[PDB]
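Trainee: The structure under discussion is supplied below as structure tokens; questions concerning it will follow.
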Amino acid sequence: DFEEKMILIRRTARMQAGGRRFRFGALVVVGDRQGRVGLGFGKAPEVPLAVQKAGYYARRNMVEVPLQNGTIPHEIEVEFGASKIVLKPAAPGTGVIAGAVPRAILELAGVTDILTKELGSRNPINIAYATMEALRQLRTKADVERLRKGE
Amino acid sequence: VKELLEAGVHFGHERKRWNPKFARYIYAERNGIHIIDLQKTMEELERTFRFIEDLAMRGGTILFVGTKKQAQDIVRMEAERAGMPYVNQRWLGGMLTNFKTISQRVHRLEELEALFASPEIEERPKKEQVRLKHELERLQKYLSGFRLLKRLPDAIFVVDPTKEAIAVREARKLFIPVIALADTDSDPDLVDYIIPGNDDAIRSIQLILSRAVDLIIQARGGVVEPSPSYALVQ
Amino acid sequence: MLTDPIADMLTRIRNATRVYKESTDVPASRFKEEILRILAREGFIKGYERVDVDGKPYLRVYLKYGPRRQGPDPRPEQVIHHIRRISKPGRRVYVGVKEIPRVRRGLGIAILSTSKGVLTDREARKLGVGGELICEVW
RNA sequence: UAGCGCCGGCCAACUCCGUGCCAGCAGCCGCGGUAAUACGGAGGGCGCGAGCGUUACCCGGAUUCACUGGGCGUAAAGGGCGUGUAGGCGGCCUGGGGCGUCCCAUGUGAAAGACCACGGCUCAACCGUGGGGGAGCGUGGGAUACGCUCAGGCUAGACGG
RNA sequence: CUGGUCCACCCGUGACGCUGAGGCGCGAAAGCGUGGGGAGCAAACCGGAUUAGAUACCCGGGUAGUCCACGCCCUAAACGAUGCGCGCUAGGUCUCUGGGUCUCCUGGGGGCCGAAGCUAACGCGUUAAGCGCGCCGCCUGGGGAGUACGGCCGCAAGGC
Ligand SMILES: [Mg+2]
Ligand SMILES: [Mg+2]
Ligand SMILES: [Mg+2]
Ligand SMILES: [Mg+2]
Ligand SMILES: [Mg+2]
Ligand SMILES: [Mg+2]
Ligand SMILES: [Mg+2]
Ligand SMILES: [Mg+2]
Ligand SMILES: [Mg+2]
Ligand SMILES: [Mg+2]
Ligand SMILES: [Mg+2]
Ligand SMILES: [Mg+2]
Ligand SMILES: [Mg+2]
Ligand SMILES: [Mg+2]
Ligand SMILES: [Mg+2]
Ligand SMILES: [Mg+2]
Ligand SMILES: [Mg+2]
Ligand SMILES: [Mg+2]
Ligand SMILES: [Mg+2]
Ligand SMILES: [Mg+2]
Ligand SMILES: [Mg+2]
Ligand SMILES: [Mg+2]
Ligand SMILES: [Mg+2]
Ligand SMILES: [Mg+2]
Ligand SMILES: [Mg+2]
Ligand SMILES: [Mg+2]
Ligand SMILES: [Mg+2]
Ligand SMILES: [Mg+2]
Ligand SMILES: [Mg+2]
Ligand SMILES: [Mg+2]
Ligand SMILES: [Mg+2]
Ligand SMILES: [Mg+2]
Ligand SMILES: [Mg+2]
Ligand SMILES: [Mg+2]
Ligand SMILES: [Mg+2]
Ligand SMILES: [Mg+2]
Ligand SMILES: [Mg+2]
Ligand SMILES: [Mg+2]
Ligand SMILES: [Mg+2]
Ligand SMILES: [Mg+2]
Ligand SMILES: [Mg+2]
Ligand SMILES: [Mg+2]
Ligand SMILES: [Mg+2]
Ligand SMILES: [Mg+2]
Ligand SMILES: [Mg+2]
Ligand SMILES: [Mg+2]
Ligand SMILES: [Mg+2]
Ligand SMILES: [Mg+2]
Ligand SMILES: [Mg+2]
Ligand SMILES: [Mg+2]
Ligand SMILES: [Mg+2]
Ligand SMILES: [Mg+2]
Ligand SMILES: [Mg+2]
Ligand SMILES: [Mg+2]
Ligand SMILES: [Mg+2]
Ligand SMILES: [Mg+2]
Ligand SMILES: [Mg+2]
Ligand SMILES: [Mg+2]
Ligand SMILES: [Mg+2]
Ligand SMILES: [Mg+2]
Ligand SMILES: [Mg+2]
Ligand SMILES: [Mg+2]
Ligand SMILES: [Mg+2]
Ligand SMILES: [Mg+2]
Ligand SMILES: [Mg+2]
Ligand SMILES: [Mg+2]
Ligand SMILES: [Mg+2]
Ligand SMILES: [Mg+2]
Ligand SMILES: [Mg+2]
Ligand SMILES: [Mg+2]
Ligand SMILES: [Mg+2]
Ligand SMILES: [Mg+2]
Ligand SMILES: [Mg+2]
Ligand SMILES: [Mg+2]
Ligand SMILES: [Mg+2]
Ligand SMILES: [Mg+2]
Ligand SMILES: [Mg+2]
Ligand SMILES: [Mg+2]
Ligand SMILES: [Mg+2]
Ligand SMILES: [Mg+2]
Ligand SMILES: [Mg+2]
Ligand SMILES: [Mg+2]
Ligand SMILES: [Mg+2]
Ligand SMILES: [Mg+2]
Ligand SMILES: [Mg+2]
Ligand SMILES: [Mg+2]
Ligand SMILES: [Mg+2]
Ligand SMILES: [Mg+2]
Ligand SMILES: [Mg+2]
Ligand SMILES: [Mg+2]
Ligand SMILES: [Mg+2]
Ligand SMILES: [Mg+2]
Ligand SMILES: [Mg+2]
Ligand SMILES: [Mg+2]
Ligand SMILES: [Mg+2]
Ligand SMILES: [Mg+2]
Ligand SMILES: [Mg+2]
Ligand SMILES: [Mg+2]
Ligand SMILES: [Mg+2]
Ligand SMILES: [Mg+2]
Ligand SMILES: [Mg+2]
Ligand SMILES: [Mg+2]
Ligand SMILES: [Mg+2]
Ligand SMILES: [Mg+2]
Ligand SMILES: [Mg+2]
Ligand SMILES: [Mg+2]
Ligand SMILES: [Mg+2]
Ligand SMILES: [Mg+2]
Ligand SMILES: [Mg+2]
Ligand SMILES: [Mg+2]
Ligand SMILES: [Mg+2]
Ligand SMILES: [Mg+2]
Ligand SMILES: [Mg+2]
Ligand SMILES: [Mg+2]
Ligand SMILES: [Mg+2]
Ligand SMILES: [Mg+2]
Ligand SMILES: [Mg+2]
Ligand SMILES: [Mg+2]
Ligand SMILES: [Mg+2]
Ligand SMILES: [Mg+2]
Ligand SMILES: [Mg+2]
């Protein structure tokens, strides 16, 4: 129902007497291009089944994202153990400038202006997971004063 | 009432197996055993029962869980006597988490309930009859109390949190509210509505479940008198 | 010997928040005060107050937190997510007003010493003064 | 007048013949051992166009010398261990100085150049005019919280009975 | 004869602290010098046996050495493969040592399991690999190599 877009479909494998069989990684992002977004990573002995499966998980794990005219509120750095990612706010006409992964994220996020970089590791998977969290830690001016109130 | 009653033979428990977090509830440590704060318990049941209450007046279904022996039947009785779902038997991976599939089994007990009362054993050799029926027995031996649940619980009552903590996780993830009796051997923070106090002895267990269910029934309609349990206490 | 009493305090607060204590104390000191005072005024802590441990001037610092969360790990969101000393003893930092940092695009604060006093990043610009960039907090 | 590079992957562009670890390609991974989208020719396609490719060197990517912005149990990395010189760093209270530091004022920071605006040559490159800021240092004035520094007090550090 | 460390009392000093390039001292074993000592053990060395061969594993024998004094050498899986100092951050249990009328507590040490958290994972976790600051040492693809040249030290082997 939202939008759909996969980042990669790798074929892993495994040993076993007489040969090797393979499952199939499949990372997919999904979003309404309007704040609601969710990432998903499915696995199965079939490419289609795999993407299909990533679809189910995608809409499950979701996250609202505080969009200021297509940009992000404040800048944030979030290290998912291995890799690390930066995210910066930018005026209209800047565009989504990032590696292929965080793009899928931010694009299907409804984001349209943002400076970013992948420092550290770069494993697509981990950078994925990383960004999700990062957005999941963005906070609107309200959230701030709302917590910083406690009336 | 709810005061001196619990204040009676239902307070304090355990020693040297405790989350320092649950310690905000302990009064002292006499005889080497943790003396839970009597008053603090009542204060809690207030907020709790207010949710217990509100939750019933909504008509919402509570899932009871107590696989621990010292409460196995003490759940059975109080839940049946409340039209609510319960599990005193062994819990299962996905009770709520993998619902649909666990439910396939409930349906299977319906299918088995057909032939368990139908003129269709003109067929079915004596052999098949044996196992097929034997199934039904344990089919009920784990589902009979869960089988009445058909939607998906609105909350979960738990005898001992740490013990059947697996449930708590299932529930918690599905954003299902947690309520439970819990001694010092417990993790106070991951319970949404806490019933601090003894939970290894029949005394506190029967007392809590009693008034708990009575509250459910009263918020509903037709309050009566507690089932056998005082003799069960012996 | 304790190197930097300031970094310590900041740290004491960070180490305490993570476990969600109600209040950690800290060795008292006039300059240390201001940090709290501001840190509190901006809404980062319910407050503070002088105390005394076995004949030692200290400071209770009543920590703030967010509401409970629903779902796995009902971990209450923090009120102080981030705190870090900038100018250390082994590297003093000094900034002109014409160049004072904006913490988390303004969501954040950047307390700093100055000739007029300890002031927020904004209050710095207010009275138009630069000084020793102490630390930032968000 | 229309040319040049490319069309296995990175990388935008696919078929056919020839060929057969040879002829050859190559920046990395690799490609050719009779059936090659990877050699070579053809048809077609992608890219740019009075150009297009190559070689060479500089900065980038390279947060791969990390101030911004990294590390050191096992991946490269804690000195064999101690005593200690130099240097580095330094707890709580008050006071004088004001070195560092912050502020203001002025001098300087040529022109050209960079950015903005507007005008000139049909446009443009190029050019004129005007505008702004600029690190840095010189003089003067001012603030004193943190650093320093002299001075005074304390006992939580360290030492001692 | 002498070094360190821990506890009680809160008596004295009054920030005298921390770290530490170079320097200096210590530094298993093997090894070197002069003199001594020599039971057992034992490189090398000899014989037996095994094997295709067996300069080895096994067996019989056996010298330096291993022991002491004095001197030199200065290397190591000198290993927790984790520099030191300080502050902070749940507990459970075992044990060594001290103080206290004590199933308890309070300190200093050595172990295991674990909060939070850190980690690439294994794992670490108030004996941190967590959170912080000071100071030193070290790293910057595998090979060539801890080699070569130079310099310094050493009787030499050889070390830096
Ligand atoms: Mg739609
Ligand atoms: Mg939709
Ligand atoms: Mg589709
Ligand atoms: Mg998963
Ligand atoms: Mg499905
Ligand atoms: Mg919202
Ligand atoms: Mg939002
Ligand atoms: Mg890392
Ligand atoms: Mg790569
Ligand atoms: Mg890689
Ligand atoms: Mg949000
Ligand atoms: Mg929000
Ligand atoms: Mg119902
Ligand atoms: Mg019948
Ligand atoms: Mg029949
Ligand atoms: Mg239900
Ligand atoms: Mg439901
Ligand atoms: Mg909590
Ligand atoms: Mg009986
Ligand atoms: Mg709290
Ligand atoms: Mg305010
Ligand atoms: Mg090209
Ligand atoms: Mg290209
Ligand atoms: Mg292509
Ligand atoms: Mg030929
Ligand atoms: Mg041929
Ligand atoms: Mg061919
Ligand atoms: Mg072939
Ligand atoms: Mg090619
Ligand atoms: Mg070709
Ligand atoms: Mg052509
Ligand atoms: Mg041209
Ligand atoms: Mg380069
Ligand atoms: Mg380079
Ligand atoms: Mg660089
Ligand atoms: Mg690195
Ligand atoms: Mg270190
Ligand atoms: Mg190297
Ligand atoms: Mg050392
Ligand atoms: Mg040394
Ligand atoms: Mg070493
Ligand atoms: Mg050495
Ligand atoms: Mg020392
Ligand atoms: Mg010194
Ligand atoms: Mg000082
Ligand atoms: Mg000094
Ligand atoms: Mg001083
Ligand atoms: Mg002064
Ligand atoms: Mg002066
Ligand atoms: Mg000026
Ligand atoms: Mg200049
Ligand atoms: Mg000037
Ligand atoms: Mg000028
Ligand atoms: Mg100029
Ligand atoms: Mg330039
Ligand atoms: Mg003009
Ligand atoms: Mg013009
Ligand atoms: Mg013309
Ligand atoms: Mg000009
Ligand atoms: Mg000008
Ligand atoms: Mg300039
Ligand atoms: Mg100027
Ligand atoms: Mg100057
Ligand atoms: Mg002064
Ligand atoms: Mg004097
Ligand atoms: Mg003094
Ligand atoms: Mg003392
Ligand atoms: Mg002695
Ligand atoms: Mg005396
Ligand atoms: Mg005195
Ligand atoms: Mg001093
Ligand atoms: Mg030696
Ligand atoms: Mg020797
Ligand atoms: Mg010799
Ligand atoms: Mg000798
Ligand atoms: Mg000789
Ligand atoms: Mg002689
Ligand atoms: Mg001799
Ligand atoms: Mg002999
Ligand atoms: Mg012998
Ligand atoms: Mg021999
Ligand atoms: Mg022999
Ligand atoms: Mg022979
Ligand atoms: Mg022989
Ligand atoms: Mg022998
Ligand atoms: Mg002797
Ligand atoms: Mg002798
Ligand atoms: Mg002698
Ligand atoms: Mg060191
Ligand atoms: Mg020392
Ligand atoms: Mg004792
Ligand atoms: Mg006592
Ligand atoms: Mg006593
Ligand atoms: Mg005493
Ligand atoms: Mg006793
Ligand atoms: Mg005991
Ligand atoms: Mg105790
Ligand atoms: Mg003891
Ligand atoms: Mg200990
Ligand atoms: Mg101990
Ligand atoms: Mg452990
Ligand atoms: Mg954990
Ligand atoms: Mg400790
Ligand atoms: Mg401690
Ligand atoms: Mg411990
Ligand atoms: Mg420590
Ligand atoms: Mg670590
Ligand atoms: Mg590590
Ligand atoms: Mg190298
Ligand atoms: Mg090389
Ligand atoms: Mg090399
Ligand atoms: Mg080497
Ligand atoms: Mg090398
Ligand atoms: Mg060597
Ligand atoms: Mg050498
Ligand atoms: Mg040379
Ligand atoms: Mg040479
Ligand atoms: Mg040499
Ligand atoms: Mg010589
Ligand atoms: Mg010799
Ligand atoms: Mg060495």
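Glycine gets a Cβ as well: all are built from the backbone with ideal geometry, and neighbour counts include every protein chain shown. Each answer follows from the model by the rule given with it, or from the source it names; nothing here is a laboratory result.
Trainee: Output the residues belonging to the stretch C:80-100 that are surrounded by fewer than 14 Cβ atoms within 10 Å (Cβ to Cβ) and part of a strand (DSSP E or B).
Mentor: C:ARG84, C:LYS88, C:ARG91, C:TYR94
Trainee: Hand me the list of strands (runs of 3 or more DSSP E) wholly inside the stretch B:1-105 holding 1 or more residues that are under 19 Å from B:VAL223 (Cα atoms).
Mentor: On the way: elements: B:26-30, B:33-36, B:62-65.
Result: B:62-65.
Trainee: Continuing with the same structure: Read through the list (1) more than 22 Å from B:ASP73 (Cβ to Cβ); (2) without any contact (Cβ under 8 Å) to a residue 24 or more places away in the chain; (3) in contact with a helix residue (DSSP H, G or I) (Cβ under 8 Å, 6 or more places away or on another chain); (4) assigned by CATH to the domain that holds B:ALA23, then give the number of the only condition that B:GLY222 fails.
Mentor: So B:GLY222 meets the others, but not (3).
Trainee: Go through the stretch C:101-138 and give me each residue that's of a type in the set (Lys, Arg), closer than 18 Å to C:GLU42 by Cα and surrounded by fewer than 17 Cβ atoms within 10 Å (Cβ to Cβ). Give the steps one after another, and end with the answer.
Mentor: The first filter runs over the stretch C:101-138 and keeps only residues of a type in the set (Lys, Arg), leaving C:102, C:104-105, C:116, C:122, C:125-126.
Right, trim to closer than 18 Å to C:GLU42 by Cα and you get C:102, C:104-105, C:122, C:125-126.
Across the stretch C:101-138, the qualifying residues are C:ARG102, C:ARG105, C:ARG122, C:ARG125, C:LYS126.
Trainee: Working only within the stretch A:27-44, note down all residues that are over 11 Å from the mean Cα position of the chain (by Cα) and over 12 Å from A:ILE9 (Cα atoms).
Mentor: A:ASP32, A:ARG33, A:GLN34, A:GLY35, A:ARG36 - these are the residues of the stretch A:27-44 that are over 11 Å from the mean Cα position of the chain (by Cα) and over 12 Å from A:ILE9 (Cα atoms).
Residue by residue, here is whether (1) without any contact (Cβ under 8 Å) to a residue 40 or more places away in the chain; (2) among the polar types (S, T, N, Q); (3) in contact with an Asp or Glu (Cβ under 7 Å, 6 or more places away or on another chain) holds:
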residue: C:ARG30; (1), (2), (3): yes, no, no
residue: C:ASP54; (1), (2), (3): yes, no, no
residue: C:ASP73; (1), (2), (3): yes, no, no
residue: C:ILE83; (1), (2), (3): no, no, no
residue: C:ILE86; (1), (2), (3): no, no, yes
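Trainee: Starting from the stretch A:127-142, keep only residues that are more than 10 Å from chain C (Cβ to nearest Cβ) and more than 16 Å from C:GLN78 (Cβ to Cβ), then list their pairs with residues that are in a helix (DSSP H, G or I) and hydrophobic (A, V, I, L, M, F, W, C) whose Cβ atoms are within a distance under 6 Å, requiring at least 6 positions of separation or different chains.
Mentor: A:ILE127/A:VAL101; A:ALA128/A:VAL101; A:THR131/A:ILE105
Trainee: For residues in the stretch C:53-74 being among the charged types (D, E, K, R) and either surrounded by 13 or more Cβ atoms within 10 Å (Cβ to Cβ) or under 12 Å from the mean Cα position of the chain (by Cα) (or both), which is farthest from the other protein chains (Cβ to nearest Cβ)?
Mentor: C:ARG60
Trainee: So is C:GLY90 small (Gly, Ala, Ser) and within 15 Å of RNA strand E (Cβ to nearest atom) or not?
Mentor: Numbers: small (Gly, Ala, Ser): yes; within 15 Å of RNA strand E (Cβ to nearest atom): yes.
Yes; evaluated as a whole, the condition is true for this residue.
Trainee: Can you tell me which of B:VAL159, B:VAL213, B:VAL178, B:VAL168 is away from chain C (no Cβ under 14 Å) and in contact with a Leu (Cβ under 8 Å, 6 or more places away or on another chain)?
Mentor: On the way: B:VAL213 fails: in contact with a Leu (Cβ under 8 Å, 6 or more places away or on another chain); B:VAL178 fails: away from chain C (no Cβ under 14 Å); B:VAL168 fails: away from chain C (no Cβ under 14 Å).
Within the list B:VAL159, B:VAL213, B:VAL178, B:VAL168, the selection yields B:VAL159.
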